[PDB]
Amino acid sequence: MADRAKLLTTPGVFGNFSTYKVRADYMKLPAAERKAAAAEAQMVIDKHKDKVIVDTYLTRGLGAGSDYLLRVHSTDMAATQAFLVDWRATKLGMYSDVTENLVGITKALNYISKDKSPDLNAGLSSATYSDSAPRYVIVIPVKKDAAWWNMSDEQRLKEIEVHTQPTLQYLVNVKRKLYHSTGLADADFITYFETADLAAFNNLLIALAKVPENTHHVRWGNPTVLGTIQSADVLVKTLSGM
Amino acid sequence: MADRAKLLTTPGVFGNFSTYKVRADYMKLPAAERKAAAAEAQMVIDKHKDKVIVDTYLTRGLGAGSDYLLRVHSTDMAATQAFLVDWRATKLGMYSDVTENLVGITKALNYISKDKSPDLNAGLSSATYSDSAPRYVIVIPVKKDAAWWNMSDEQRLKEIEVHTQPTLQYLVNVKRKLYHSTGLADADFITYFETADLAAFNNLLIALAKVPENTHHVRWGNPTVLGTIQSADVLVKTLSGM
Amino acid sequence: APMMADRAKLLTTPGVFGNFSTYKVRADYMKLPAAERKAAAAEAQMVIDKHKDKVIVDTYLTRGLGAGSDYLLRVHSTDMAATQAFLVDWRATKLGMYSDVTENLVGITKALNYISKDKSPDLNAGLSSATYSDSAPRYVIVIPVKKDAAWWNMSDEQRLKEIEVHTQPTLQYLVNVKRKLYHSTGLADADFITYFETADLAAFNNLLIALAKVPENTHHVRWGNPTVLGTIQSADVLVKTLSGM
Amino acid sequence: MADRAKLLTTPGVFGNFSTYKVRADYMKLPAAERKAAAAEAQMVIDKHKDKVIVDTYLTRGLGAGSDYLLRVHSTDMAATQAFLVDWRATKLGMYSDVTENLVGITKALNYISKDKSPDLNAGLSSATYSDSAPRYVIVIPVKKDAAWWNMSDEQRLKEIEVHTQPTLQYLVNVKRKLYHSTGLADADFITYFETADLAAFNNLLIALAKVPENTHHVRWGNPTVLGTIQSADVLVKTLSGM
Amino acid sequence: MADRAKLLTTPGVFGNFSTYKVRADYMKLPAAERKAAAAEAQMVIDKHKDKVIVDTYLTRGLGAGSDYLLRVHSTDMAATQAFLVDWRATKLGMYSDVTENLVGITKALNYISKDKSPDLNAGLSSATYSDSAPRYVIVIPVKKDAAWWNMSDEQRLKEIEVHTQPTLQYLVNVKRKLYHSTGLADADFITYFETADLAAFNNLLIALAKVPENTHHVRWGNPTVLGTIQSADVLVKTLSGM
Ligand code: HEM
Ligand code: HEM
Ligand code: HEM
Ligand code: HEM
Ligand code: HEM
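And the structure:
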C-alpha cells in the first residue's frame, strides 16, 4: 500500500520512534558530500513507501538527548527496522548515533470507549483542533508501577476518566496519539503530541501531574523529547550546513 | 557436533546472551574487509561447533541498546567465553562494543512441577505453538527484590501459579525459555521469547504486569531486547552493507 | 535597520521562553591551529548578531566550578523555535562545532501562581519592594527542579502554604541574590528551571540551606543534577578563554 | 620477596581489585607490539614481587563490565597502587580503560568467632574444599544500608548466623574471601569466590537472597564480576591475538 | 596575598576539588613533550600563587573515578576557577578529562562549638595527630535528605554530638577538614581526610555508619576518592612516564 491516513488512524499499527545525535566528524566531511545528503534522505523514505511512512523532526537545541527524531509507522514491525537499517546507510545516517529508540502498537480504546464511558467518549470524538498548524512535537515515554497494574479494571477506569476530564479542553490546540509498548521497550506507552502553543502544552502537563494517576508513574519522560516539525529536506539541510 | 536440540531442551545448560553496537568506523572500512566479515563469522561458529551452539538476531532499529544479539549455549560456561573471545577477534567483532552480556543456567522446574502443582504442570506440558514461524526475539532480564526471596516457598509458589494461569494460553503463539542468573550476573533470571505476533506479546506482558509477583520486580527489562531472527550470514551482511 | 529584540522586556515579562544549554569543549579543539582559535571569538559575536532581532544571549564560564560543562548559554525569545535556530547556528561556529551538549532545558516565564497580591499580599509586598544592593553579580547558579506526584496532587491551598514558607525566609537574600523562575513541565525532564545571579556565594550557600530546611524540600526529586555554577563573562572573554586566546 | 600464602590468609592485608576494557585500537596495533605484551606483563609483575602478589582473570564474554580482572595484595596499600601504575605503562595497560577499582582490607572475624558463635565457628573452621581446582572467579561488591549498621551488635550477629547456617555446605565446592571497604570505596565489602561449579554458585547465592540480611543490601554486585582464572601469560596473549 | 596556613585554617575560604582521568592518547605524545609537562604544571601553580594554593594527589590504581585529584583554596571562588582554566591549558591538562569537580566554603562550627557543646568541643583537642606523616587522602562528598534539614536545630545538634563521640579517638591518626556545599554543588558537604593508617580509617567510617545521622545520607561518597599524597612534580612525572 501503504496509506498515511490509514496508518495514522487505525489500531494494530506499529510506531517506531528513534532519536539520534550527529557525530562531530559529520561537519568535517567535504561540502559536496553534505550537499547530497538531503536528496538521499528523501529518496530512502520514498524507497520504503510501500511499507512504511516516515516523519522527521529537529530536536537540536531543545534538549540534550538528540539532534533529530524519526517517527516511522507500518503494520509490520520488521518493515520499520528495515527502513531504519537503510536510513543508517545514508550519509547522514552513517554519522548518526542512536540515543533512544522505542516501539509500540496502536490499539482500540481500553477505557474511554462509548461502552465504558459514553459522556467522555462523546467529548473525545467531537473535539476539533482549531489553532494554527502545529510547529512542535513532544514525545513522552510512560511507564506505570506494578501497583497501577494490580488495580482492578474499574479502579483504573476511574483514574483514566480523571485523566480525561481536564484535558479534553486541550484538544483545540494539542494533537495526541497513543502507542502501547509493554513487552517491547522499557515503557508501557509512548505518547506523541503536536502543538503550536507550548504555553498551553506546559499547562496541559501540569493538569496531568496533579491527578492521582501520576502517583503511579515510574517513567514520564526521560527523555521528554521536544522538537520542531520539519520536512526531511529542511531537517537534513539544517544538520548538514546546507 | 554439539547437539542443538538437547542443548535447548535440557537442564544444566549455560545460556550466554550478549548485545553489541557496531562502531561508527566499521562502515568506513574498505569494502573488502566488510565483504570478508560474513565468512569469518561462519568460520568462528564452525570452529566451536563441538562445544557450543550460536543464534544471531538483528536489534538495530528496534531499540537503542544494541545493533545485534548473540545467544550461545554450552554445558561448559568457559566454552561460551572462548567462543565470544574468538567472535570479538573477527572483523565485525573487533568493531563491536559490547553493551550487555548476561549468563545463566537452565534448571528443573522450581514451582510448576508435577510434584508441586500438577494441574498447571499438565497445562504447561499440554501446550503447543501453532502460529507461523517466529520472526522476533525478546530478551527480558529479571531481578526480584529481597522481600520476594524472603517469602516462604509456599507464598512464592502461590504467586508463580498466578503467573502461570493467564500465560498458558500464549503458548499457542509465544515460545519461552527461562535461565537462572543469581550470583552470575546482576539479574535473577534471563527470559527469552520467540514470536511472530508482537501484538500478542504486548498483551502477554500486560497480563503479567497485573499480577502481584510484579510488585517484586526491581529489574524487568533494562534492557528489553527486541530483535528479528536472522541467519548469521544475513546478520553480518546487513551490518556490513553487503 | 529592523529593531533588536528588547532585552529588558524579554527578561521581565511572562510568556517568554528561556533556553539553557551547557557544553563541554572537545579535547581536539585545542589541537586546532592558532589562527582558527583566534577567529572563534568573532564568529561567536557574528552569530549572536545574526539573531539579535529574535533572541537575546548570555554566556557564562563553568569550567573549573563543576564537572558537567565548560560553558553555559541562556537564550530567550517569545518564539521557542527561534532559540533553537540560534543554537543551531551556534553549533556551526568553530567553537560550537567542537562543543558537546551536556544539558539543554527549556521553560516559559509565567505570572505568579502563589505569592501574588491577591493570594498572599504581605509576602507579595515584600517580594515587590526588595532591591538588590550588592556589587555587580559575578556568578550564576542554575538549578533544575522537579517535584514528586504527591506535591502536585496536593490542593491549591496546601501548595500555597508551602510556597509561603519557601518565601518567608528567603526574602532577606534579595539584597544580594537575583532570582528568575522558568516553568518546564512537559517541555523537559523538570518542572522548573531556577536562575540566580550573585557576587556572594557564602550568602547563596546560606540561602539554599534555608530552603533545604522547609517542608517543600521533602517533595524534590530533582534539585540540581546538575547544579550549574559559573562566572558571568562576555561572549568575547568566554570564547577567548576556552580557545587559549 | 612477598609471601603469597601469608598474604592470602592473614588479617591486615590490602586487596586491590580492578577491571579493565581493552580499547578498540589495541588490536589495530602492529603484530610485533602485541607480541611483546606478554613479556612486558611478566616483567612488571616480577618488578613488584617484593611487595605485592598479582592474580589475573579473563572476564571478556562473561559480562559487559570488563575484559580482565586484576587482584593485587600487599600490606602497603600504596604498593598496590604502584604496581597498577606500572601495569598501566605496559603496552596492554596503555590500551586498557579501567572500569571498576575497589580496595579493602582483610580482618579478623567480627561475628562468627569462637567466642560469639561457637557452633557455627566450628563448622566454618572444619569445612574443607573437596572439589576439583577452581576455574571461575566471582567478585561481588556489597553495601548495606544505614538501618543495618544502626542495628545492635546482637541484632547483626543474629543475621550473620542466619547467613552462615545455610551456606557452610557450599564450602565443599566454593572458596570465599572477605575484604572490608567502608570508607575506602563505595562499598562496605568486597567478596571474592573461586569455584569450578557455577551451578552450585547460583544455588549458594539464591540461599543468601532468601535471608533477612538481604533486605539491607543497597549494592550486591553492580558489577557482579564473573571470569575465568588464567595465568598472566595466557591472559595477555588471549587479549593480544597471540 | 594568599597565605597557606591561613587559607587552611580560617572560615570563609573556598575549597575546589577536581578529579581527572588522563586520556589514552597522552602517552602517545613524544617523550620530549611529556618530559616538559611537570615544569609546566609547577609554573601554572606559581602563576596563581598570589590568589590560590594547590595540593596534588595520585588516585590512579586506588579507584576507577580518576587518575589524579587537585585541591585548590582561595578566598575568591572565581580565582580557583581561573587557576583550573590555566591548568587545563597545560600539556597534562589538555589531555585530562574532568570526572568530578565540587566546591564549597569553610565555616565556623555549627554544632560542636564551645557555646553549644563544651565537653565535646574541648575533646576535639584531647589528642593530636601522632602517627607517621600522612600518606593517603580520602575525599567524601556528603548530602543529607530533606528530613534531616527539616529537623530542629536541637535535634540535629544531638545527632552531631553522636557523630563526634566515636570520632575523637581517631584524632591520633586521621586529619579532617569540612567544607559546606549546599547550593554550590550536588552535595551539602565535602569532607577531606589525611592518614597513614587506612585500617584505622575503615574503622572510623564504620563507627559513623552506625549512628542515626547516617540514616539521612543520600550521598556519602559516589565517589569516595582515595589517593596518595604526592608533590606536583612527582604526580606529573608519574602520569607522564618520566
Ligand atoms: C491532550 C489532551 C489529552 C487527552 C484528551 C487525553 C485523553 C486520553 C484518553 C481518552 C485516554 C484513554 C485511552 C484508552 O481508553 O485506551 C488517554 C490515555 C493516556 N494518556 Fe492521555 N490525554 C491527553 C494528554 C496526555 C498527555 C499530555 C500525556 C502525557 C504523558 C498522556 C498520557 C496518556 C497515557 C500514558 C495514557 C494511557 C493510560 C493507560 O492506559 O493506563 N495523555 N488519554
Ligand atoms: C509465554 C507464556 C509464559 C508462560 C506459559 C510462563 C510460564 C512460567 C512458568 C511455568 C514458570 C515457573 C518455572 C518453574 O517452576 O521453575 C515461569 C517462571 C518465570 N517466568 Fe514465565 N511464563 C511466560 C511468560 C513470561 C514472561 C513474558 C516473562 C517476562 C518477564 C516471564 C518471566 C518469568 C520469570 C522471571 C520466571 C521465574 C520466576 C521465579 O522463579 O521466581 N514469563 N513462567
Ligand atoms: C533568592 C531568594 C528567593 C526568593 C525570595 C524566592 C521566592 C519565591 C517565590 C515568591 C516563589 C513563588 C512564585 C509564584 O508564585 O509563582 C518561588 C518559587 C520557586 N522558587 Fe524560589 N525564591 C528564592 C530562591 C530560590 C532558590 C535558591 C531556589 C532553588 C533552589 C528556588 C526555587 C523555587 C522554585 C522551584 C519555585 C517554584 C515553586 C512551585 O511553583 O511549586 N527559589 N520562589
Ligand atoms: C560460600 C559460603 C559462604 C559462607 C560459608 C559464608 C560465611 C560467612 C561468614 C562466617 C561471615 C562472617 C565473617 C565475620 O564474622 O566477620 C560472612 C560474612 C559475609 N559474607 Fe559470607 N559466606 C559465604 C558466601 C557468601 C556470598 C556468596 C556472599 C555474596 C554476597 C557473601 C557475602 C558476605 C558479606 C558481605 C559478609 C560481611 C557481612 C557483614 O559483616 O555485615 N557470603 N560470610
Ligand atoms: C576523623 C574524625 C572526625 C571527627 C573528630 C569529626 C568531627 C566532626 C565535628 C566536630 C563536626 C561538627 C562540625 C560543626 O559543628 O560545624 C563534624 C561534622 C561533620 N562530619 Fe565529621 N568528624 C570526623 C570524621 C568524619 C568522617 C569520616 C566523615 C564522613 C564520612 C565526616 C562527615 C562529617 C559531616 C558531613 C559533617 C557535617 C555535619 C552537618 O553539618 O550536618 N566526619 N564532624
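Protein chains in written order, with the entry's author numbering: chain I, 8 to 249; chain F, 8 to 249; chain G, 5 to 249; chain J, 8 to 249; chain H, 8 to 249.
Think of the CB as a built atom: it goes at the ideal place given N, C-alpha and C, for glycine as much as any other residue.
request  = Evaluate contact between the stretch 56-68 of chain J and the stretch 106-126 of chain J, counting only Cβ atoms and requiring at least three cross-stretch pairs below 8 Å.
outcome  = no
query = Can you tell which of 140(H), 153(H) and 93(H) has the C-alpha that lies nearest to the C-alpha of residue 204(H)?
reply = 140(H)
ask   = Taking the runs of the alpha helix (DSSP H) that are 4 residues or longer, which of them lie wholly in the stretch 148-206 of chain F?
value = If we require 4 residues or more, the alpha helix (DSSP H) runs fully inside the stretch 148-206 of chain F come out as 153-156 and 160-171.
ask   = In this structure, what does DSSP give as the bridge partners for residue 245(J)?
value = Paired residues: none, contrary to the question.
request  = Could you tell me which chain I residues have their CB closer than 9 Å to the CB of residue 157(G), listed as they occur along the chain?
outcome  = Those are 216, 217, 218, 219, 221 and 222, listed as they occur along chain I.
task = Check whether the Cβ of residue 170(J) sits closer than 8 Å to any heavy atom of ligand 1, and report yes or no.
result = no
request  = Run down chain G in chain order and give the residues with a C-beta less than 8 Å from the C-beta of residue 208(I).
outcome  = What residue 208(I) touches in chain G: 190 and 191.
query = Measuring from the CB of residue 120(G), is there a heavy atom of ligand 3 at a distance below 8 Å?
reply = yes
query = Does any C-beta atom of chain F lie closer than 9 Å to the C-beta of residue 145(I)?
reply = no
key: residue 157(H) beta carbon less than 9 Å from that of residue 221(G)   = yes
Reduced DSSP secondary structure (H/G/I, E/B, other) of residue 11(I) = helix
In DSSP terms, what residue 224(G) is bridged to = 151(G)
Beta-carbon gap between residue 66(G) and residue 76(G) smaller than 9 Å = yes
inquiry  = Counting only Cβ pairs nearer than 8 Å, list the residues of chain H close to residue 88(J).
reply    = 65, 67, 68, 69 and 235
ask   = Comparing alpha-carbon positions, which option in 200(H), 209(H), 240(H) and 219(H) lies nearest residue 234(H)?
value = 200(H)
message = Nearer than 8 Å: is that true of the beta carbon of residue 128(F) relative to any heavy atom of ligand 3?
response = no
key: Straight-line Cα distance separating residue 202(J) from residue 196(F)   = 21 Å
query = Closer than 8 Å: is that where the CB of residue 109(I) sits relative to any heavy atom of ligand 1?
reply = no
key: Length of the line joining the Cα atoms of residue 29(F) and residue 104(F)   = 6 Å
task = Count the other C-beta atoms from every protein chain shown that fall within 10 angstroms of the C-beta of residue 225(I), then say buried if there are 16 or more, exposed otherwise.
result = exposed
task = Give the secondary structure of residue 64(I) by DSSP, where H, G and I count as helix, E and B as strand, and everything else as coil.
result = strand
query = Going along the stretch 94-111 of chain G in order, which residues come within less than 9 Å of chain I, judged by CB to CB distance?
reply = 94, 95, 96, 101, 102, 104, 105, 106, 107, 108, 109, 110 and 111
ask   = Is residue 209(I) buried or exposed, if buried means 16 or more other CB atoms sit within 10 Å of its CB?
value = buried
task = State the DSSP-derived secondary structure class of residue 41(I), mapped to helix, strand or coil.
result = helix
inquiry  = Is residue 195(H) close to chain G? Criterion is C-beta to C-beta, closer than 9 Å.
reply    = yes
query = Within 10 angstroms of its Cβ, does residue 19(G) collect 16 or more other Cβ (buried), or is it exposed?
reply = Classification of residue 19(G): exposed, given that the 10 Å Cβ count is below 16.
key: residue 52(I) and residue 90(I) closer than 9 Å at C-beta   = yes
query = When every heavy atom of ligand 5 is checked, does at least one fall within less than 8 Å of the C-beta of residue 114(H)?
reply = yes
inquiry  = Any beta carbon of chain I sitting closer than 9 Å to that of residue 245(F)?
reply    = yes
ask   = Any heavy atom of ligand 4 closer than 8 Å to the CB of residue 82(I)?
value = The answer is no for residue 82(I).
request  = For residue 57(F), I'd like the list of residues in its chain whose CB is within less than 8 Å of its CB, leaving aside the five on either flank, ordered along the chain.
outcome  = Closer than 8 Å at the Cβ level, and outside the excluded window around residue 57(F), lie 8 and 9.
inquiry  = Could you check whether the Cβ of residue 180(I) sits closer than 9 Å to any Cβ belonging to chain G?
reply    = no
message = Quick check on residue 237(H): does DSSP put it in helix, strand or coil?
response = DSSP, read as helix, strand or coil, puts residue 237(H) in coil.
task = Determine which residues share a DSSP beta bridge with residue 80(J) and list them.
result = 22(J) and 60(J)
9 Å Cβ cutoff, residue 153(H) in contact with chain G = yes
Residues that residue 75(G) bridges to, as DSSP identifies them = 27(G) and 65(G)
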